[PDB]
């Protein structure tokens, strides 16, 4: 096999060079305006030393089954087995758990970023098989906008976080002041949930070319700051709401805010005002009060408030500030501040919660939607699940609380239910042993599972902790179809097979059709179709919709031969979010009970949640930098990796470009380094009451004083899985996070509410074992 093949991924469209059946180079699509350097690691992930070769069974589970000693999961003691033995065993375990415990005994939430592709959607495929097996417990929401996606529907009446933004070109022509609040779009625009078009880069470039004022509010001097030479505001992490309240207070005290916009488009500001003024608690939320909490100068806070009120301003907020205790307050208070500015719905004004994600704001084309295989759920009646058997769904980040407290009650967005009693967890396309908070608690809670099954193509910590590991193929070893552009709908791509499945790896589709076949539902899982039958069915449906919309597309074979279809932009570049509501709120009301922006929410008031009041409120978090009585001195900006997609690509050649002494890097301010005797490049121990990890320090004033940056996604590498609190040799920041809910409203994760201490490491030397396969899988 010596040629070139085009395909796509979460990092973008690309062309692979193949030489005697091996992919040797991934070259970015010629129309990608800003490719990601991570493509080199994508290619490397097909072949790296942590590629999973064969199906494996954890020796203790192979020998003892449910009586296994579960405290040794993760020690790497696996036995290689044949595909037939492993499929029989997985099918027997699914049947056994379903029969013995009901669907409530099987957790199938399997949260994860997987790979794009309408056919090879491993998490949907898992659920298609589990539906056929009798059912399963699902997850609700995600780790990205756990809080924001639940509070927005109460406030603005829509999901908001995953909806199209005012178009980039409308911003270049109308916005005078662009604010990136807790957003680093240069960093996070590299990837897409579906194939990315990188539409933010030309949008950002156009703002810079127009000379538009840009202000970044972030504890770290990011590349977004650098790109624009932006005015950079450095709040102590977790104090943005106090700053917003200080700005709002200033707008009232100086009599500047838009009273008309508040009277005509919002509901409940009159119940928020007294609190803002301090009438209810003797604590006027002044700029000075906000300086006390956040560290940002009171005069800067007022000057920003005045600037935003006097110029067409776009508040482009990111999501790290809601992935925290009381996370709901952040975007609720931002919308409240934006309502006080009165520019929601005007070209270039208001707010936007997706300018830093998957091309939000890239103009949408007139093309049709593309849909892929489904879980079969809307197809034969799932039996009756009664409340006594527990909820059939949990907020995703409550997975460990669930395992630890079967039958216990939990509150979620106005409803109380009981946790189901789960005995089996099946995970594909996700890495919970890296993405979930409080690794030491989670490691212990996993002992409640009888059986844990994982499919991946990389030996992640999650694969290392499974009882049964099945090697999946990458997208580059099969064919698929997918949209380019979560919002732009730039076109549809043929994700063409580049190389044959490596080693004994199999698509998740093939695996699940095999398990389903052993359960007696083979035909039902495949629907009588094969890989191209499924792909052509999705395409044809897309084509039928396009033909009916005046966007006719070629026949399938013709589309597949070209490898792509691109669609025309009609009016998508003119899109202004909230314009129709602004233009006539009686004709175009929002989906809230009042039809208006709810600054005070009667529906939330009725829930009676102490941690989620009925108007945006400054509440003390579990821990925050310089909080009164806080134990630990440094805030960890546990944010998204520049050179990984979460944990993805950790076990590739890219790792050498950022690792420090082989460990995940930790940014630290020179003053904080010097106070601990720490030198740039030193191995340091980062620890709190929940865990301890090793990182390699990079001393830089890019991180504000009091804050260290350790990205999420590091492959957890425990020194000894049987030792509680064991040191993590590589640097998974989730060993240090707490596992608590943003509040009772959303139950989102608080992965960025983290305080810790750092010292030069003086323990025993460490050997990294997470970047090579377990000995028996070699």
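Numbering follows the first chain given and starts at 1.
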Check the entry's C-alpha temperature factors for 273 to 281 and 468 to 476, then say which stretch has the higher mean.
273 to 281
Comparing 609 to 617 with 642 to 650, the higher average Cα temperature factor in the PDB entry belongs to 609 to 617
Most elevated Cα B-factor in the entry, residues 257, 113, 487, 457
257
Tell me, please, which of 223, 311, 198, 624 has the highest C-alpha B factor according to the deposited entry?
311
Ranking the modelled residues of this chain by C-alpha B-factor as given in the entry, is residue 30 in the lowest, middle or highest third?
highest
Of the three thirds of its chain by CA temperature factor, lowest, middle or highest, which one includes residue 560?
highest
Taking only the Cα B-factors deposited for this chain, tell me whether residue 729 sits in the lowest, middle or highest third.
lowest
Residue 142: CA temperature factor from the record, placed by chain third, in the lowest
The third of the chain into which the C-alpha temperature factor of residue 602 falls is the highest
